[PDB]
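One structure below.
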Amino acid sequence: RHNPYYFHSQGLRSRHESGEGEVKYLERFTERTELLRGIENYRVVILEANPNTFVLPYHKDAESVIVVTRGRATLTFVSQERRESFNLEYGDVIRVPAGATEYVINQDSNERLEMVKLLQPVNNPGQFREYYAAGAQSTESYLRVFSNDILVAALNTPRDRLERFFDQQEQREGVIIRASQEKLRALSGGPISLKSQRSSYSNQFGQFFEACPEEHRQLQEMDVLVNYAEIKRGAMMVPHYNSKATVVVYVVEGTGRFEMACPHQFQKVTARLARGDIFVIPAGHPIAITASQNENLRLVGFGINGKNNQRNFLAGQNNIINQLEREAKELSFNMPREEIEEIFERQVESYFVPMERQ
Amino acid sequence: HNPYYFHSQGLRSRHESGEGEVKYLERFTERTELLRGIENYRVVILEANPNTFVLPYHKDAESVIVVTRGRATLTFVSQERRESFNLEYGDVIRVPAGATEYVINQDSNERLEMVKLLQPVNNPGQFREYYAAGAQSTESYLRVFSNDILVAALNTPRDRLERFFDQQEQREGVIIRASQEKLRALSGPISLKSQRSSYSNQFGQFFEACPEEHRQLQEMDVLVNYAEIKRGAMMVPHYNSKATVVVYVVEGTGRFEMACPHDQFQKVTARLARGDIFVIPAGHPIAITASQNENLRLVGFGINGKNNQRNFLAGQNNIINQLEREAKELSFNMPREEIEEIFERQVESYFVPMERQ
Amino acid sequence: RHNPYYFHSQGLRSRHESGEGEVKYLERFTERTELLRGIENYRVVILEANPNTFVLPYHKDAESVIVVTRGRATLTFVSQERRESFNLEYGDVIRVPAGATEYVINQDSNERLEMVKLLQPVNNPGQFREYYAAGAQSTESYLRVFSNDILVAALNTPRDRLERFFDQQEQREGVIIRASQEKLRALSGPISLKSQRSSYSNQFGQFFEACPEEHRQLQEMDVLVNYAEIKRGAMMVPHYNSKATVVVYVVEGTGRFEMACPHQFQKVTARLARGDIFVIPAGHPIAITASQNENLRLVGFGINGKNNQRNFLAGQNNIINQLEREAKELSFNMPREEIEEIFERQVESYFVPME
Ligand SMILES: [Cu+2]
Ligand SMILES: [Cu+2]
Ligand SMILES: [Cu+2]
């Protein structure tokens, strides 16, 4: 692919070194194509940590919006003089400020943890780096970069012990390490529950939840909306488009398909969806997504430029055509009022519909 | 050879506009690098014959609209809300991005003209028009989907969809003729020439809408202003502190002179006619003269217009008489009386005649 | 000097027709390297004026935040219908709005004035121009560009008196000129850095910082401005900024800085002297040492400075002792007592002595 808006999961760059888990990096949106220049300063990172693990502390040149797509975790980050710690749930959304030192705990013994993060670099556009205070055989501590003279004077500690301190770190391999279930238990505004949002619509064929920045202060920094959609098997999300937001969508679970009308006159942009896949819906593009016939398709999405965004549906009871006056409809479609009704007033549900008519 | 002057004959016209015309200004960064600062801005001119209907569409761009001729009823829908407005000459209004918009000219005689400043929401300086219902050379975006998706979503047989679409490639053009009986049935805005920020004398008139006072202008962060320069007169040399002004010649002829220090100073100048567009980057001192035979009417978009201040270099209000006596003497190497003689002999402001009195 | 974040003073471009002083321009941060693309639209200007001088009025297509790094001055600028005038002291910080016509007075008899300016262009990214109403032998007045028709009509003044107006300016050499001390006296708000609530000082150095949250005039460029004096033989402990990218100017002295740069890490370092400028992108941990023989005095502009947080890696205000006990132990693979040993035995903050 060879699809300008579609990113297959095996195209993700896997961090070397990962250890007891894996960290994957999505490439730059402007790497293979120029059609995504509008969001060049956005990167996607997927973190997965094994049961009973500890993610080493670090900070990065980027703001972050985090979605827990699998399992649970305890997330803690420090900044200046404040420390904040939260127990994160499935579908929980949390913000981690740029420069804040962050570490993660997987306190569960059975279910593997997965986190999907949208990053907004503060330095060079679309470029970020991770800074580790304590490293491994394969991750250098940024403290070890300084000359010995600086460190012994700054910390007021003898030279011999500092190199003991650094050798203790070149013992472990990976920024994700195995840990006791006993220490991890001790280490335990707030998280945003997607399936608890007021902005939602659900029927027999799917459910939709969305957290908009206007109601959540922590989403106002990156100016981003975060939404969740489950399309039941054999169903679809009806054709619609976003007025303003450019949505980056991650396939959490299942398989399916999407069709997009792209004028970059028009052309049908389409791709097969599977777990780990990522695709982008630039604003204005009308989009339709179908689940598979045998399993549900579950998606989480990040809405870049999400303030005051409006989702306009082209089919269903809430469709926009239905807001035109009768004369406007007739003039636009070159048909009488009743033959227009036969097209835009025969669907009784919204958002999600079955591929087999009823 | 002028990097800031866009002659009307350079505008690209849309194919099969029908009962009217839609013209597109090139991207400001296409022929030159000197306008990189306003890369994400496009100018579109809509023009509709009497008794016409502009087909509904939306675009991936915010819009500020100025009616420069005639009357119109503008309607746009978004989600479940519809807003409709009766727009006259000099009315200024915003159409939100993603909103499905259509325009009506219910006037039986006056041709409609709309001048639009667009601010793309996707890729910088790039926008597209999405038509729900199209024509022979404009495709409906609904027809792009596979049939199985359309029949399932709309709950409508394949047979009716195939005919829904053919009824659209019967008309040619995104602007169509309509009956005034149906046009009449289909019946906030900012009036420029009612603004508190205005100045008027016998040599010209000026009106300006600032984003600080109008909320719909703060989305694009733009000021909208209008200037009519009476024939034989001129708008005195002045400059904008921060705003880069895009000017459209609505009517008349004339000329502009601007002091440009880019690729020390140099006189950039061009003669103006209707449909012409020229750009005034912030800091540039600019002077505009009407012709001897007709007034010059201009409409301007002030990009980055919040907290902007227009500084005049000549006239009653010129910035130089804000200096104390000692500063002017020190700066100009001249006594107080030889200086007053230069910067205190113009009794009017904004607009002056080319023959002094 | 092979350092992508370091700009030696001898690289500054000086305006030729400076006159009774000098004006230096830092190159665009994106000229030699791609590593500072994020601050593309920022320029540094250093103004130096001799005693008893008058800086001729001009405006520019750029916002500016000014810091007085030497001496005293009277700054005045006009815009639309307003006139604004201020007496500036050493360490004073002030904003000059874009498009405002400004001129500067040094009415001091022997201490030369120095001003360091950070500019934020309003037009093309990282590009600005200076517009002089009245010029000099090698500097055009922008009025002289217009046709004679326009000026005589606009100003209502005969041509001969315009053409003598311009000649009176083509006699002076330089845009900074000599002026009587008594007339400069006739020609007579700012943020005082050393009076900010956000400050820390010990025996080895002092630090002052003015953040945009507390001063409205810094919110236009969205920048924090700070000052640090590291006394000889001492150093400012390793630390990093959460989001602000700081442009630092060496006011006086010599020294050195070490920076951990992952652009997998590597040690970026350079010797500092007066006039030198170096950049600290967000996230980068930075350590600065004064010289053995003289103090090191620095001025810094924090681009994207709102809600910035300075995190120290050594001292009592250290960021690591905010981690939980089990977190530190797991993170450092050591018992709590051997960890205390390293991150709790420095008793001061910000500044500590070397050897
Ligand atoms: Cu597209
Ligand atoms: Cu220019
Ligand atoms: Cu670096």
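Chain identifiers are assigned as A, B, and so on, following the order in which chains appear in the structure tokens; residues are numbered from 1 within each chain, and ligands are numbered from 1 in order of appearance.
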Dump the neighbourhood of ligand 3 as a ChimeraX atom specification: all residues within 9 Å, distances computed on only C-alpha atoms and all ligand atoms. /A:129 /C:4-5,35-36,259-263,265-266,268,280-284
Could you write those residues out with C-alpha atoms, as a CSV table (one decimal), in the first residue's frame?
```csv
chain,number,residue,atom,x,y,z
A,129,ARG,CA,12.7,11.9,20.9
C,4,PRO,CA,24.3,22.8,15.2
C,5,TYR,CA,23.0,24.6,18.3
C,35,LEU,CA,17.7,20.8,13.4
C,36,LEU,CA,16.1,24.1,14.4
C,259,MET,CA,23.9,19.2,26.1
C,260,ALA,CA,22.6,15.6,25.8
C,261,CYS,CA,21.3,15.5,22.2
C,262,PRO,CA,19.7,12.5,20.5
C,263,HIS,CA,19.8,14.2,17.2
C,265,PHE,CA,22.5,10.0,22.4
C,266,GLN,CA,25.5,12.2,22.0
C,268,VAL,CA,26.9,18.4,22.2
C,280,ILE,CA,18.3,24.7,23.9
C,281,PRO,CA,15.4,22.8,22.2
C,282,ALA,CA,12.8,21.4,24.6
C,283,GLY,CA,13.5,18.1,26.2
C,284,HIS,CA,17.3,18.6,26.0
```
For stretch 216-229 of chain A, work out the shell of residues within 10 Å, counting only C-alpha atoms and skipping chain neighbours fewer than 4 positions away, then give it as an mmCIF file with C-alpha atoms, in the first residue's frame.
```
data_model
loop_
_atom_site.group_PDB
_atom_site.id
_atom_site.type_symbol
_atom_site.label_atom_id
_atom_site.label_comp_id
_atom_site.auth_asym_id
_atom_site.auth_seq_id
_atom_site.Cartn_x
_atom_site.Cartn_y
_atom_site.Cartn_z
ATOM 1 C CA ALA A 62 5.769 15.941 22.533
ATOM 2 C CA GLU A 63 2.310 16.331 23.992
ATOM 3 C CA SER A 64 0.412 13.054 24.197
ATOM 4 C CA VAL A 65 -3.142 11.764 24.146
ATOM 5 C CA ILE A 66 -3.362 8.176 25.370
ATOM 6 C CA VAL A 67 -6.059 5.572 24.748
ATOM 7 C CA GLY A 91 -11.271 2.763 26.765
ATOM 8 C CA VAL A 93 -8.311 8.510 27.756
ATOM 9 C CA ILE A 94 -5.607 10.531 29.507
ATOM 10 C CA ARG A 95 -3.215 13.371 28.653
ATOM 11 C CA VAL A 96 0.514 13.323 29.368
ATOM 12 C CA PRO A 97 2.107 16.812 29.170
ATOM 13 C CA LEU A 118 -1.142 10.466 19.430
ATOM 14 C CA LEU A 119 1.932 12.673 19.764
ATOM 15 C CA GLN A 120 2.363 16.380 19.026
ATOM 16 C CA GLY A 189 -8.585 16.139 35.599
ATOM 17 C CA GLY A 190 -8.574 12.349 35.510
ATOM 18 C CA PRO A 191 -9.003 9.552 32.926
ATOM 19 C CA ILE A 192 -11.757 9.953 30.334
ATOM 20 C CA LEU A 194 -15.133 6.837 26.238
ATOM 21 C CA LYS A 195 -18.214 4.673 26.779
ATOM 22 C CA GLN A 197 -19.574 10.162 27.082
ATOM 23 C CA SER A 199 -22.015 12.482 22.835
ATOM 24 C CA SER A 200 -23.082 8.991 21.795
ATOM 25 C CA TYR A 201 -25.398 7.037 19.508
ATOM 26 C CA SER A 202 -26.074 3.310 19.619
ATOM 27 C CA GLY A 206 -23.266 -0.432 16.315
ATOM 28 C CA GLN A 207 -22.262 1.985 19.054
ATOM 29 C CA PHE A 208 -20.463 5.330 18.937
ATOM 30 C CA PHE A 209 -18.914 7.437 21.698
ATOM 31 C CA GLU A 210 -16.950 10.684 21.452
ATOM 32 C CA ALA A 211 -15.057 12.992 23.801
ATOM 33 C CA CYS A 212 -14.857 16.560 22.505
ATOM 34 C CA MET A 237 -21.406 2.915 9.527
ATOM 35 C CA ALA A 245 -11.466 17.363 12.015
ATOM 36 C CA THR A 246 -8.905 15.097 10.365
ATOM 37 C CA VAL A 247 -9.403 11.727 12.033
ATOM 38 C CA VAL A 248 -6.623 9.188 12.563
ATOM 39 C CA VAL A 249 -8.262 5.806 13.093
ATOM 40 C CA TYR A 250 -6.755 2.727 14.738
ATOM 41 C CA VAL A 251 -8.263 -0.743 14.326
ATOM 42 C CA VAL A 252 -8.465 -2.172 17.838
ATOM 43 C CA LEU A 297 -15.032 -4.203 13.830
ATOM 44 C CA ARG A 298 -13.896 -1.993 16.698
ATOM 45 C CA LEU A 299 -12.152 1.321 16.080
ATOM 46 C CA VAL A 300 -10.715 4.170 18.123
ATOM 47 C CA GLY A 301 -10.073 7.539 16.495
ATOM 48 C CA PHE A 302 -8.111 10.730 17.085
ATOM 49 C CA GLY A 303 -9.674 13.885 15.667
ATOM 50 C CA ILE A 304 -6.964 16.388 14.767
ATOM 51 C CA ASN A 305 -8.256 19.991 14.696
ATOM 52 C CA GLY A 306 -11.289 18.798 16.608
ATOM 53 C CA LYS A 307 -12.761 21.921 18.193
ATOM 54 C CA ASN A 308 -16.285 22.694 16.944
ATOM 55 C CA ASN A 309 -16.101 19.749 14.536
ATOM 56 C CA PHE A 352 -25.090 2.195 11.859
#
```
Given only C-alpha atoms as the counted atoms, nearest of A:146, A:6, A:58, A:29 to chain B: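 Smallest separation from chain B among the options: A:29.
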So, with only C-alpha atoms as the atoms that count, which of A:187, A:235, A:100, A:136 lies closest to residue A:291?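 Of all the options, A:235 lies closest to residue A:291.
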Compile the contact shell of stretch 317-330 of chain C as a ChimeraX atom specification: residues with an atom at most 9 Å away, counting only C-alpha atoms, same-chain residues fewer than 5 positions apart removed. /A:54,56-57,76-83,101,103,133,177,179,183-184,186-187 /C:239,311-312,335-336,339-340,343-344,348-350
With N, CA and C atoms retained, could you export that selection as a short mmCIF file (atom, residue, chain, number, x, y, z; two decimals), in the first residue's frame?
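What follows is the written file part-v2.cif:
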```
data_model
loop_
_atom_site.label_atom_id
_atom_site.label_comp_id
_atom_site.auth_asym_id
_atom_site.auth_seq_id
_atom_site.Cartn_x
_atom_site.Cartn_y
_atom_site.Cartn_z
N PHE A 54 6.95 -3.36 34.07
CA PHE A 54 7.19 -1.98 34.45
C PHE A 54 7.87 -1.25 33.30
N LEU A 56 9.94 1.69 32.00
CA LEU A 56 10.90 2.63 32.57
C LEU A 56 10.50 4.09 32.32
N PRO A 57 10.79 4.97 33.30
CA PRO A 57 10.43 6.39 33.23
C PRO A 57 11.14 7.14 32.11
N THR A 76 1.65 6.93 35.72
CA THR A 76 2.12 7.99 36.60
C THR A 76 3.11 8.88 35.86
N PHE A 77 2.93 10.19 35.97
CA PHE A 77 3.89 11.12 35.41
C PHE A 77 4.18 12.27 36.36
N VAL A 78 5.44 12.71 36.39
CA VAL A 78 5.85 13.82 37.23
C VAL A 78 6.25 15.02 36.38
N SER A 79 6.02 16.21 36.92
CA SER A 79 6.36 17.45 36.22
C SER A 79 6.60 18.57 37.23
N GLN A 80 7.81 19.12 37.20
CA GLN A 80 8.23 20.14 38.16
C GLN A 80 8.13 19.63 39.59
N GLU A 81 7.05 20.00 40.28
CA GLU A 81 6.89 19.62 41.68
C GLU A 81 5.63 18.79 41.91
N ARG A 82 4.89 18.52 40.83
CA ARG A 82 3.65 17.77 40.94
C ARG A 82 3.78 16.35 40.40
N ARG A 83 3.14 15.41 41.09
CA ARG A 83 3.03 14.05 40.59
C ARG A 83 1.57 13.65 40.49
N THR A 101 7.91 13.39 33.02
CA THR A 101 8.53 12.07 33.13
C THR A 101 7.47 11.03 33.46
N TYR A 103 6.03 6.88 33.60
CA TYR A 103 6.25 5.43 33.64
C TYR A 103 4.94 4.67 33.80
N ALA A 133 15.97 8.63 31.88
CA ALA A 133 16.81 8.94 33.03
C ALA A 133 17.67 7.74 33.41
N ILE A 177 10.47 -3.98 31.52
CA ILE A 177 11.06 -5.03 32.33
C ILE A 177 10.03 -5.84 33.12
N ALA A 179 8.60 -7.54 36.50
CA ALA A 179 8.61 -7.08 37.88
C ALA A 179 7.79 -7.98 38.79
N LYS A 183 5.70 -5.39 44.31
CA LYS A 183 6.08 -3.99 44.17
C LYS A 183 5.03 -3.24 43.35
N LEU A 184 4.50 -3.90 42.33
CA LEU A 184 3.56 -3.26 41.40
C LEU A 184 2.24 -2.91 42.08
N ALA A 186 2.00 -2.00 45.27
CA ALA A 186 2.29 -0.85 46.12
C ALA A 186 2.19 0.46 45.33
N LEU A 187 2.59 0.40 44.07
CA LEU A 187 2.62 1.58 43.22
C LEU A 187 1.26 1.96 42.64
N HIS C 239 19.61 20.12 33.70
CA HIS C 239 18.17 20.31 33.77
C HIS C 239 17.59 20.35 32.36
N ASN C 311 12.78 21.31 34.74
CA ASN C 311 13.01 20.15 35.58
C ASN C 311 14.49 19.93 35.83
N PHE C 312 14.88 19.98 37.10
CA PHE C 312 16.29 19.83 37.46
C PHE C 312 16.64 18.38 37.80
N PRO C 335 18.73 -0.58 45.84
CA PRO C 335 17.95 -0.36 47.06
C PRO C 335 17.77 1.13 47.35
N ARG C 336 16.76 1.47 48.14
CA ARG C 336 16.39 2.87 48.39
C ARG C 336 17.53 3.69 48.99
N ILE C 339 20.18 4.79 46.57
CA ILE C 339 19.59 5.76 45.66
C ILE C 339 19.58 7.15 46.29
N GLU C 340 19.17 7.22 47.55
CA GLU C 340 19.27 8.44 48.35
C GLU C 340 20.67 9.02 48.24
N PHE C 343 20.88 11.04 44.74
CA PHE C 343 19.96 12.10 44.38
C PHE C 343 19.44 12.91 45.57
N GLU C 344 20.09 12.78 46.73
CA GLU C 344 19.69 13.56 47.91
C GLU C 344 20.84 14.14 48.71
N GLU C 348 22.03 22.31 47.73
CA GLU C 348 21.53 23.51 47.07
C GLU C 348 20.82 23.18 45.76
N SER C 349 20.27 24.20 45.11
CA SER C 349 19.57 24.02 43.85
C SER C 349 20.14 24.93 42.77
N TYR C 350 19.65 24.77 41.55
CA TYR C 350 20.05 25.60 40.41
C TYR C 350 21.57 25.62 40.18
#
```
One number please: atom CA of residue A:50 to atom CA of residue A:165, in Å, one decimal.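 A separation of 26.6 Å between them.
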Excluding same-chain residues fewer than 3 positions from residue A:295, what lies within 12 Å of it counting only C-alpha atoms, as a short mmCIF file (atom, residue, chain, number, x, y, z; two decimals) with N, CA, C and O atoms, in the first residue's frame?
```cif
data_model
loop_
_atom_site.label_atom_id
_atom_site.label_comp_id
_atom_site.auth_asym_id
_atom_site.auth_seq_id
_atom_site.Cartn_x
_atom_site.Cartn_y
_atom_site.Cartn_z
N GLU A 230 -17.82 0.81 17.61
CA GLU A 230 -17.92 -0.62 17.36
C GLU A 230 -18.99 -0.88 16.31
O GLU A 230 -20.16 -0.56 16.51
N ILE A 231 -18.58 -1.44 15.17
CA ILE A 231 -19.53 -1.81 14.13
C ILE A 231 -19.78 -3.32 14.20
O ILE A 231 -18.89 -4.12 13.91
N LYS A 232 -21.00 -3.69 14.58
CA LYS A 232 -21.36 -5.10 14.70
C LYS A 232 -21.20 -5.81 13.37
O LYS A 232 -21.32 -5.20 12.31
N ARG A 233 -20.90 -7.11 13.44
CA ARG A 233 -20.67 -7.93 12.25
C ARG A 233 -21.82 -7.85 11.25
O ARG A 233 -22.99 -7.83 11.63
N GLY A 234 -21.48 -7.78 9.97
CA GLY A 234 -22.47 -7.70 8.92
C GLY A 234 -23.12 -6.34 8.77
O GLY A 234 -23.99 -6.15 7.92
N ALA A 235 -22.71 -5.38 9.59
CA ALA A 235 -23.29 -4.04 9.55
C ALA A 235 -22.30 -3.03 8.96
O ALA A 235 -21.23 -3.40 8.49
N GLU A 253 -9.77 -4.09 17.14
CA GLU A 253 -10.09 -5.51 17.04
C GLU A 253 -11.08 -5.80 15.92
O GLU A 253 -12.01 -5.04 15.69
N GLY A 254 -10.85 -6.91 15.22
CA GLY A 254 -11.76 -7.36 14.18
C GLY A 254 -11.23 -7.11 12.78
O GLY A 254 -10.07 -6.75 12.59
N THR A 255 -12.10 -7.31 11.79
CA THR A 255 -11.78 -7.03 10.40
C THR A 255 -12.93 -6.28 9.75
O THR A 255 -14.02 -6.19 10.31
N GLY A 256 -12.69 -5.75 8.56
CA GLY A 256 -13.70 -4.98 7.86
C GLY A 256 -13.16 -4.25 6.64
O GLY A 256 -12.16 -4.65 6.06
N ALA A 274 -7.72 -4.60 9.29
CA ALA A 274 -7.46 -5.65 10.26
C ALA A 274 -6.85 -5.01 11.50
O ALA A 274 -6.52 -3.83 11.49
N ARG A 275 -6.70 -5.79 12.57
CA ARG A 275 -6.15 -5.26 13.81
C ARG A 275 -4.77 -4.65 13.58
O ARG A 275 -3.97 -5.18 12.82
N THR A 290 -17.51 -0.68 6.68
CA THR A 290 -18.28 -1.91 6.88
C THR A 290 -17.50 -2.94 7.68
O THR A 290 -16.31 -3.15 7.45
N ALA A 291 -18.17 -3.58 8.63
CA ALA A 291 -17.57 -4.67 9.38
C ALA A 291 -17.56 -5.94 8.54
O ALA A 291 -18.14 -5.97 7.46
N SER A 292 -16.90 -6.98 9.04
CA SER A 292 -16.98 -8.28 8.39
C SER A 292 -18.30 -8.93 8.77
O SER A 292 -19.01 -8.44 9.64
N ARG A 298 -13.96 -2.99 15.64
CA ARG A 298 -13.90 -1.99 16.70
C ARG A 298 -12.75 -1.01 16.45
O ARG A 298 -11.60 -1.41 16.24
#
```
Using only C-alpha atoms, which chain C residues lie at most 8 Å away from chain B, written as a CSV table (one decimal) with N, CA and C atoms, in the first residue's frame?
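New file out-v8.csv:
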```csv
chain,number,residue,atom,x,y,z
C,54,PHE,N,21.5,58.8,19.3
C,54,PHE,CA,20.1,58.8,18.9
C,54,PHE,C,19.9,57.8,17.8
C,56,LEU,N,17.9,56.4,15.0
C,56,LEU,CA,16.9,57.0,14.1
C,56,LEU,C,15.6,56.1,14.0
C,57,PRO,N,14.4,56.7,13.9
C,57,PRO,CA,13.2,56.0,14.0
C,57,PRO,C,12.9,55.0,12.8
C,59,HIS,N,10.2,51.2,11.8
C,59,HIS,CA,9.3,50.1,12.2
C,59,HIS,C,9.7,48.9,11.4
C,60,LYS,N,9.3,47.7,11.9
C,60,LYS,CA,9.5,46.5,11.1
C,60,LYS,C,8.3,45.6,11.1
C,61,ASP,N,8.3,44.7,10.1
C,61,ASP,CA,7.2,43.7,10.0
C,61,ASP,C,7.4,42.5,10.9
C,62,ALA,N,7.6,42.8,12.2
C,62,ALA,CA,7.9,41.8,13.1
C,62,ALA,C,7.7,42.2,14.6
C,78,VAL,N,5.6,54.9,18.5
C,78,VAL,CA,4.3,55.4,18.2
C,78,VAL,C,3.5,54.5,17.3
C,79,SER,N,2.2,54.5,17.5
C,79,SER,CA,1.3,53.6,16.7
C,79,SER,C,-0.1,54.2,16.6
C,80,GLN,N,-0.6,54.4,15.4
C,80,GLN,CA,-1.9,55.0,15.2
C,80,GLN,C,-2.0,56.3,15.9
C,81,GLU,N,-2.7,56.3,17.0
C,81,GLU,CA,-2.9,57.6,17.7
C,81,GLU,C,-2.2,57.6,19.1
C,82,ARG,N,-1.5,56.5,19.4
C,82,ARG,CA,-0.8,56.4,20.7
C,82,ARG,C,0.7,56.7,20.6
C,83,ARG,N,1.2,57.3,21.6
C,83,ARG,CA,2.6,57.4,21.8
C,83,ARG,C,3.0,56.7,23.2
C,98,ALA,N,4.5,45.0,16.6
C,98,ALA,CA,4.9,45.1,15.1
C,98,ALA,C,4.3,46.3,14.5
C,99,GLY,N,5.0,47.0,13.6
C,99,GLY,CA,4.5,48.1,12.9
C,99,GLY,C,4.7,49.4,13.6
C,100,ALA,N,5.0,49.3,14.9
C,100,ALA,CA,5.2,50.5,15.7
C,100,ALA,C,6.6,51.2,15.3
C,122,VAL,N,5.9,38.8,11.0
C,122,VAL,CA,4.4,38.6,10.8
C,122,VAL,C,4.1,38.2,9.4
C,123,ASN,N,5.1,38.4,8.4
C,123,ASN,CA,4.9,38.0,7.1
C,123,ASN,C,5.4,36.7,6.8
C,124,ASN,N,6.4,36.6,5.9
C,124,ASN,CA,7.0,35.3,5.5
C,124,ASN,C,7.8,34.8,6.7
C,125,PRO,N,7.8,33.5,6.9
C,125,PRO,CA,8.5,32.8,8.1
C,125,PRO,C,9.9,33.2,8.2
C,129,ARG,N,11.9,43.1,7.7
C,129,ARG,CA,12.6,44.2,7.1
C,129,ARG,C,12.4,45.4,8.0
C,131,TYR,N,11.8,49.5,8.2
C,131,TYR,CA,11.3,50.6,7.4
C,131,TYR,C,11.7,51.9,8.0
C,134,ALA,N,12.9,58.3,7.9
C,134,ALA,CA,14.1,59.1,7.6
C,134,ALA,C,15.3,58.3,7.5
C,139,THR,N,20.9,54.4,3.4
C,139,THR,CA,19.6,53.9,3.8
C,139,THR,C,18.5,54.8,3.3
C,140,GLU,N,17.7,54.2,2.5
C,140,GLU,CA,16.6,54.9,1.8
C,140,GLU,C,15.4,55.2,2.8
C,142,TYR,N,11.5,55.4,3.0
C,142,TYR,CA,10.6,54.7,2.2
C,142,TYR,C,9.6,55.6,1.5
C,143,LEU,N,9.6,56.9,1.9
C,143,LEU,CA,8.8,57.9,1.3
C,143,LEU,C,9.4,58.3,-0.1
C,145,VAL,N,10.4,56.6,-2.3
C,145,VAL,CA,10.1,55.6,-3.3
C,145,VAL,C,8.9,56.0,-4.1
C,146,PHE,N,7.9,56.7,-3.4
C,146,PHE,CA,6.7,57.1,-4.1
C,146,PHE,C,7.0,58.1,-5.2
C,149,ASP,N,4.2,63.0,-7.7
C,149,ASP,CA,2.7,63.3,-7.7
C,149,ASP,C,2.1,63.1,-6.4
C,150,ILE,N,2.3,61.9,-5.8
C,150,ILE,CA,1.6,61.3,-4.7
C,150,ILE,C,2.0,62.1,-3.4
C,152,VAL,N,3.5,65.1,-3.1
C,152,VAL,CA,3.1,66.6,-3.1
C,152,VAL,C,1.6,66.7,-2.9
C,153,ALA,N,0.8,65.7,-3.4
C,153,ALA,CA,-0.6,65.7,-3.3
C,153,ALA,C,-1.0,65.3,-1.9
C,154,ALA,N,-0.4,64.2,-1.3
C,154,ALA,CA,-0.8,63.7,0.0
C,154,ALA,C,-0.4,64.7,1.1
C,155,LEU,N,0.9,65.2,1.0
C,155,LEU,CA,1.4,66.1,2.0
C,155,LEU,C,1.0,67.6,1.8
C,156,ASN,N,0.6,67.9,0.6
C,156,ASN,CA,0.3,69.3,0.2
C,156,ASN,C,1.6,70.1,0.4
C,157,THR,N,2.6,69.8,-0.4
C,157,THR,CA,3.9,70.4,-0.2
C,157,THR,C,4.7,70.4,-1.6
C,161,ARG,N,10.9,71.3,-1.7
C,161,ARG,CA,10.9,71.2,-0.2
C,161,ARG,C,10.9,69.8,0.2
C,162,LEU,N,10.4,68.9,-0.7
C,162,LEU,CA,10.5,67.5,-0.5
C,162,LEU,C,12.0,67.1,-0.8
C,165,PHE,N,14.3,67.9,1.8
C,165,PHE,CA,14.0,67.1,3.0
C,165,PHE,C,14.7,65.8,3.0
C,168,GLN,N,18.7,66.5,3.4
C,168,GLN,CA,19.1,66.7,4.8
C,168,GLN,C,19.4,65.4,5.5
C,169,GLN,N,19.0,64.3,4.9
C,169,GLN,CA,19.2,62.9,5.5
C,169,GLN,C,20.3,62.2,4.8
C,179,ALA,N,24.3,63.1,19.5
C,179,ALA,CA,23.3,64.0,19.9
C,179,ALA,C,23.7,64.7,21.2
C,183,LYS,N,19.6,67.8,24.9
C,183,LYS,CA,18.5,67.6,24.1
C,183,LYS,C,17.9,66.2,24.3
C,186,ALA,N,15.9,66.4,27.4
C,186,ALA,CA,14.6,67.0,27.1
C,186,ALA,C,13.6,65.9,26.8
C,187,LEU,N,14.0,64.9,26.1
C,187,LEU,CA,13.2,63.7,25.7
C,187,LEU,C,13.0,62.7,26.8
```
Among the residues B:185, B:127, B:9, B:32, the one that comes closest to ligand 2 [using only C-alpha atoms and all ligand atoms]: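 Selected residue with least distance to ligand 2: B:32.
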Got a sec to check which residues lie within 9 Å of ligand 1, using only C-alpha atoms and all ligand atoms, and send them as number ranges by chain? A: 4-5, 35-36, 260-264, 266-267, 269, 281-285; B: 128
Kindly indicate which residue among B:2, B:118, B:59, B:103 lies nearest to ligand 2, using only C-alpha atoms and all ligand atoms for the distances.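 Result for the nearest residue to ligand 2: B:2.
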Which chain B residues are at most 8 Å from chain A (counting only C-alpha atoms), as a PyMOL selection string? chain B and resi 53+55-56+58-60+77-82+97-99+121-124+128+130+133+138-139+141-142+144-145+148-149+151-156+160-161+164+167-168+178+182-183+185-186
Which residues in stretch 97-282 of chain A does DSSP call helix (DSSP H, G or I)? List them as a PyMOL selection string. chain A and resi 142-145+148-155+159-167+181-186+194-196+217-219
Interface list for chain C, partner chain A, 6 Å threshold, only C-alpha atoms, as an MDAnalysis selection string: chainID C and resid 37:38 237 242 260 267 283 309 311 314 331 333 342 345:346 354
